[PDB]
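Okay, query_20.pdb now, which holds PDB, C-alpha atoms and all ligand atoms:
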```pdb
ATOM      1  CA  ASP A 848      -0.391   1.365  -5.396  1.00  0.00           C
ATOM      2  CA  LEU A 849      -2.907   3.831  -3.951  1.00  0.00           C
ATOM      3  CA  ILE A 850      -4.248   1.814  -1.009  1.00  0.00           C
ATOM      4  CA  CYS A 851      -0.620   1.543   0.117  1.00  0.00           C
ATOM      5  CA  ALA A 852       0.009   5.256  -0.485  1.00  0.00           C
ATOM      6  CA  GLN A 853      -2.870   6.163   1.833  1.00  0.00           C
ATOM      7  CA  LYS A 854      -1.636   3.808   4.554  1.00  0.00           C
ATOM      8  CA  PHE A 855       1.847   5.341   4.593  1.00  0.00           C
ATOM      9  CA  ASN A 856       0.308   8.771   5.332  1.00  0.00           C
ATOM     10  CA  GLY A 857      -1.668   7.753   8.422  1.00  0.00           C
ATOM     11  CA  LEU A 858      -4.912   6.774   6.654  1.00  0.00           C
ATOM     12  CA  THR A 859      -5.818   3.162   7.430  1.00  0.00           C
ATOM     13  CA  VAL A 860      -8.964   1.035   7.242  1.00  0.00           C
ATOM     14  CA  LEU A 861     -10.147  -1.090  10.161  1.00  0.00           C
ATOM     15  CA  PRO A 862     -11.650  -4.527   9.473  1.00  0.00           C
ATOM     16  CA  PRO A 863     -15.326  -5.160  10.230  1.00  0.00           C
ATOM     17  CA  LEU A 864     -16.162  -7.162  13.331  1.00  0.00           C
ATOM     18  CA  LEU A 865     -18.406  -9.669  11.521  1.00  0.00           C
ATOM     19  CA  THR A 866     -16.687 -11.441   8.651  1.00  0.00           C
ATOM     20  CA  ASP A 867     -18.532 -11.967   5.384  1.00  0.00           C
ATOM     21  CA  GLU A 868     -18.747 -15.655   6.329  1.00  0.00           C
ATOM     22  CA  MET A 869     -20.462 -14.765   9.618  1.00  0.00           C
ATOM     23  CA  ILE A 870     -23.032 -12.529   7.933  1.00  0.00           C
ATOM     24  CA  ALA A 871     -23.662 -15.350   5.459  1.00  0.00           C
ATOM     25  CA  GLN A 872     -24.447 -17.666   8.389  1.00  0.00           C
ATOM     26  CA  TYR A 873     -26.875 -15.160   9.889  1.00  0.00           C
ATOM     27  CA  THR A 874     -28.673 -14.970   6.542  1.00  0.00           C
ATOM     28  CA  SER A 875     -28.950 -18.758   6.297  1.00  0.00           C
ATOM     29  CA  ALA A 876     -30.617 -18.857   9.717  1.00  0.00           C
ATOM     30  CA  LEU A 877     -33.224 -16.358   8.527  1.00  0.00           C
ATOM     31  CA  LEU A 878     -33.727 -18.372   5.333  1.00  0.00           C
ATOM     32  CA  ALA A 879     -33.840 -21.714   7.143  1.00  0.00           C
ATOM     33  CA  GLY A 880     -36.204 -20.499   9.853  1.00  0.00           C
ATOM     34  CA  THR A 881     -38.581 -18.859   7.384  1.00  0.00           C
ATOM     35  CA  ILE A 882     -38.995 -21.958   5.222  1.00  0.00           C
ATOM     36  CA  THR A 883     -39.350 -24.481   8.046  1.00  0.00           C
ATOM     37  CA  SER A 884     -41.373 -22.362  10.507  1.00  0.00           C
ATOM     38  CA  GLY A 885     -42.864 -19.337   8.706  1.00  0.00           C
ATOM     39  CA  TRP A 886     -43.265 -16.189  10.769  1.00  0.00           C
TER      40      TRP A 886
ATOM     41  CA  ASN B 544      21.656  15.200  -2.270  1.00  0.00           C
ATOM     42  CA  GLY B 545      19.627  16.862   0.482  1.00  0.00           C
ATOM     43  CA  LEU B 546      16.568  14.612   0.107  1.00  0.00           C
ATOM     44  CA  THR B 547      15.996  13.774   3.771  1.00  0.00           C
ATOM     45  CA  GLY B 548      13.718  11.058   5.074  1.00  0.00           C
ATOM     46  CA  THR B 549      13.418   7.762   6.902  1.00  0.00           C
ATOM     47  CA  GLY B 550      12.735   4.482   5.155  1.00  0.00           C
ATOM     48  CA  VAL B 551      13.927   1.077   4.031  1.00  0.00           C
ATOM     49  CA  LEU B 552      16.191   1.343   0.985  1.00  0.00           C
ATOM     50  CA  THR B 553      16.157  -1.675  -1.329  1.00  0.00           C
ATOM     51  CA  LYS B 554      17.143  -2.429  -4.929  1.00  0.00           C
ATOM     52  CA  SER B 555      14.424  -0.869  -7.072  1.00  0.00           C
ATOM     53  CA  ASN B 556      12.987  -2.774 -10.029  1.00  0.00           C
ATOM     54  CA  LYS B 557      11.684   0.374 -11.749  1.00  0.00           C
ATOM     55  CA  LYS B 558      12.904   0.962 -15.307  1.00  0.00           C
ATOM     56  CA  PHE B 559      14.540   4.332 -14.768  1.00  0.00           C
ATOM     57  CA  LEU B 560      15.768   6.117 -17.881  1.00  0.00           C
ATOM     58  CA  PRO B 561      19.076   8.040 -18.037  1.00  0.00           C
ATOM     59  CA  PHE B 562      17.363  11.418 -17.658  1.00  0.00           C
ATOM     60  CA  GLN B 563      15.238  10.347 -14.661  1.00  0.00           C
ATOM     61  CA  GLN B 564      16.640  10.949 -11.164  1.00  0.00           C
ATOM     62  CA  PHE B 565      13.748  10.412  -8.721  1.00  0.00           C
ATOM     63  CA  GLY B 566      10.495   8.496  -8.808  1.00  0.00           C
ATOM     64  CA  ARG B 567       7.042   9.307  -7.503  1.00  0.00           C
ATOM     65  CA  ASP B 568       3.924   7.290  -6.732  1.00  0.00           C
ATOM     66  CA  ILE B 569       0.262   8.058  -7.451  1.00  0.00           C
ATOM     67  CA  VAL B 570       0.212  10.548  -4.554  1.00  0.00           C
ATOM     68  CA  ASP B 571       3.242  12.635  -5.643  1.00  0.00           C
ATOM     69  CA  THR B 572       5.527  11.277  -2.915  1.00  0.00           C
ATOM     70  CA  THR B 573       9.162  10.321  -3.512  1.00  0.00           C
ATOM     71  CA  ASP B 574       9.028   6.571  -4.125  1.00  0.00           C
ATOM     72  CA  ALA B 575      12.566   5.937  -5.435  1.00  0.00           C
ATOM     73  CA  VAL B 576      15.990   7.574  -5.549  1.00  0.00           C
ATOM     74  CA  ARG B 577      19.278   7.414  -7.436  1.00  0.00           C
ATOM     75  CA  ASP B 578      22.563   6.890  -5.632  1.00  0.00           C
ATOM     76  CA  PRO B 579      24.778   9.967  -6.185  1.00  0.00           C
ATOM     77  CA  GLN B 580      27.996   7.926  -6.347  1.00  0.00           C
ATOM     78  CA  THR B 581      26.894   4.502  -7.631  1.00  0.00           C
ATOM     79  CA  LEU B 582      24.013   5.347 -10.026  1.00  0.00           C
ATOM     80  CA  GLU B 583      21.852   2.610  -8.487  1.00  0.00           C
ATOM     81  CA  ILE B 584      18.077   2.990  -8.214  1.00  0.00           C
ATOM     82  CA  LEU B 585      16.781   2.412  -4.678  1.00  0.00           C
ATOM     83  CA  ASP B 586      13.145   1.823  -3.738  1.00  0.00           C
ATOM     84  CA  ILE B 587      12.102   3.686  -0.584  1.00  0.00           C
ATOM     85  CA  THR B 588       9.459   2.235   1.743  1.00  0.00           C
ATOM     86  CA  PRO B 589       8.437   3.832   5.062  1.00  0.00           C
ATOM     87  CA  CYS B 590       9.202   2.064   8.316  1.00  0.00           C
ATOM     88  CA  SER B 591       6.296   0.190   9.854  1.00  0.00           C
ATOM     89  CA  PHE B 592       3.739   2.036  11.975  1.00  0.00           C
TER      90      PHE B 592
HETATM   91  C1  LIG A 901      32.241   9.090  -8.598  1.00  0.00           C
HETATM   92  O1  LIG A 901      30.902   9.396  -8.907  1.00  0.00           O
HETATM   93  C2  LIG A 901      30.535   8.993 -10.210  1.00  0.00           C
HETATM   94  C3  LIG A 901      29.206   9.628 -10.555  1.00  0.00           C
HETATM   95  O2  LIG A 901      29.274  11.016 -10.326  1.00  0.00           O
HETATM   96  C4  LIG A 901      30.543   7.462 -10.262  1.00  0.00           C
HETATM   97  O3  LIG A 901      30.261   6.974 -11.554  1.00  0.00           O
HETATM   98  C5  LIG A 901      31.930   6.958  -9.878  1.00  0.00           C
HETATM   99  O4  LIG A 901      31.960   5.563  -9.745  1.00  0.00           O
HETATM  100  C6  LIG A 901      32.385   7.565  -8.552  1.00  0.00           C
HETATM  101  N1  LIG A 901      33.741   7.181  -8.264  1.00  0.00           N
HETATM  102  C7  LIG A 901      34.162   6.655  -7.097  1.00  0.00           C
HETATM  103  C8  LIG A 901      33.099   6.475  -6.041  1.00  0.00           C
HETATM  104  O5  LIG A 901      35.323   6.341  -6.886  1.00  0.00           O
END
```
Representation of the structure as structure tokens:
Amino acid sequence: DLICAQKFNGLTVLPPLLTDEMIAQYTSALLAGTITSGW
Amino acid sequence: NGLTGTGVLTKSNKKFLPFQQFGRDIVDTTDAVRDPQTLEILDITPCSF
């Protein structure tokens, strides 16, 4: 593959600190606080 | 045959054809070889880093 070809030549990708399931829990808090409390 | 490197030789699954000696990936790097004395196709993978 190509993502593996880049890795073997010193080019690697670090993972983000917040997982996509942690960002999706931050969004729910904004949605749940807006509906039940407003601004 | 002078192709020097460091890697993990395995048994390659690539469908080499009688005229094909080496193999190359999408980045033009030697990805397979042919044994000079046994005519077996070996898949080369770099050691972990
Ligand atoms: C000699 O090399 C040939 C290919 O050049 C190979 O087919 C053959 O088996 C070898 N004979 C040996 C290692 O005795």
Exercise. Carefully work through the PyMOL selection byres (((not hetatm)) within 12 of (chain A and resi 901)) for this structure and note down the residues it includes, as an MDAnalysis selection string.
Key: chainID B and resid 544 577:583
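In plain terms, chain B touches chain A through residues 550, 567, 568, 569, 570, 571, 572, 573, 574, 587, 588, 589, 590, 591 and 592 of chain B, where touching means an atom at most 12 Å away, counting all atoms listed in the file.
For the pair atom CA of residue A:851 and atom CA of residue B:547, the interatomic distance is 21.0 Å.
As for atom CA of residue B:565 and atom CA of residue B:584, they are spaced 8.6 Å apart.
Taking atom CA of residue B:586 and atom CA of residue B:564 as endpoints, the distance between them is 12.3 Å.
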Find the smallest box with edges along x, y and z containing every listed atom of stretch 574-584 of chain B, then add 5 Å on each side and report centre and edge lengths in Å to one decimal, as lines of an AutoDock Vina configuration file.
```
center_x = 18.5
center_y = 6.3
center_z = -7.1
size_x = 29.0
size_y = 17.4
size_z = 15.9
```
Counting only C-alpha atoms, select every polymer residue within 12 Å of (12.7, -0.3, -13.4) as defined in the file's coordinates, and provide the selection as a PDB file with C-alpha atoms, in the coordinates of the input.
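Here's the written file part28.pdb:
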```pdb
ATOM      1  CA  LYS B 554      17.143  -2.429  -4.929  1.00  0.00           C
ATOM      2  CA  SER B 555      14.424  -0.869  -7.072  1.00  0.00           C
ATOM      3  CA  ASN B 556      12.987  -2.774 -10.029  1.00  0.00           C
ATOM      4  CA  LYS B 557      11.684   0.374 -11.749  1.00  0.00           C
ATOM      5  CA  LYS B 558      12.904   0.962 -15.307  1.00  0.00           C
ATOM      6  CA  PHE B 559      14.540   4.332 -14.768  1.00  0.00           C
ATOM      7  CA  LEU B 560      15.768   6.117 -17.881  1.00  0.00           C
ATOM      8  CA  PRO B 561      19.076   8.040 -18.037  1.00  0.00           C
ATOM      9  CA  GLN B 563      15.238  10.347 -14.661  1.00  0.00           C
ATOM     10  CA  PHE B 565      13.748  10.412  -8.721  1.00  0.00           C
ATOM     11  CA  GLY B 566      10.495   8.496  -8.808  1.00  0.00           C
ATOM     12  CA  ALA B 575      12.566   5.937  -5.435  1.00  0.00           C
ATOM     13  CA  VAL B 576      15.990   7.574  -5.549  1.00  0.00           C
ATOM     14  CA  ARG B 577      19.278   7.414  -7.436  1.00  0.00           C
ATOM     15  CA  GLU B 583      21.852   2.610  -8.487  1.00  0.00           C
ATOM     16  CA  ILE B 584      18.077   2.990  -8.214  1.00  0.00           C
ATOM     17  CA  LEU B 585      16.781   2.412  -4.678  1.00  0.00           C
ATOM     18  CA  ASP B 586      13.145   1.823  -3.738  1.00  0.00           C
TER      19      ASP B 586
END
```
